[PDB]
């Protein structure tokens, strides 16, 4: 609950398990990491009064996914923008001090109504925590993805849980 913004170096330390500690929530390392900075995190406010994250990803034409997705038709995979929203809900649970490894549990409705081209400058994730539940610790959230000011994706009911050292599916 202490730090309210995170640099790329903080997120890389998070990917190594060195932000929240071993066995606690981790962000992916490159090349699955789809966040450069967390600009804002709070446990109050947001759309539901249960907290909020704002995060950013810098875009340049040399990002790996543009070359393979698709050849002659470069576009950021929608699945990776959706993934960033799950990863941020996991980061939220770890930031609150809960123990365990993050797992995405699913989502209600996802809509893609725009795309991230290699000319774009910045993707912004807005995450609104809707509820946190305690057999598992889990969070439910809504999220949007925007590119250069324009909303392009929405997700309702993102669900992420934490799995202690004994938890399996």
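Numbering follows the first chain given and starts at 1.
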Item to check | residue 115 coordinate gap across at least a third of other entries | outcome: no
Item to check | Cross-entry absence of residue 132, a third or more of other PDB entries | outcome: no
Next on the checklist: Quick check: 107-115 versus 37-45, which has the larger average CA B-factor in the record?
Outcome noted: 37-45
Next on the checklist: Please say which third, lowest, middle or highest, residue 133 falls into when its CA temperature factor is compared across its chain.
Outcome noted: highest
Next on the checklist: Going by the CA temperature factor in the PDB record, which third of the chain does residue 50 belong to: lowest, middle or highest?
Outcome noted: highest
Next on the checklist: Ranking every modelled residue in this chain by its Cα temperature factor as given in the entry, which third contains residue 22?
Outcome noted: highest
Checklist outcome for this item: For residue 69, the third of its chain by CA B-factor is the lowest
Checklist entry - residue 14: which third of its chain by C-alpha temperature factor? => result middle
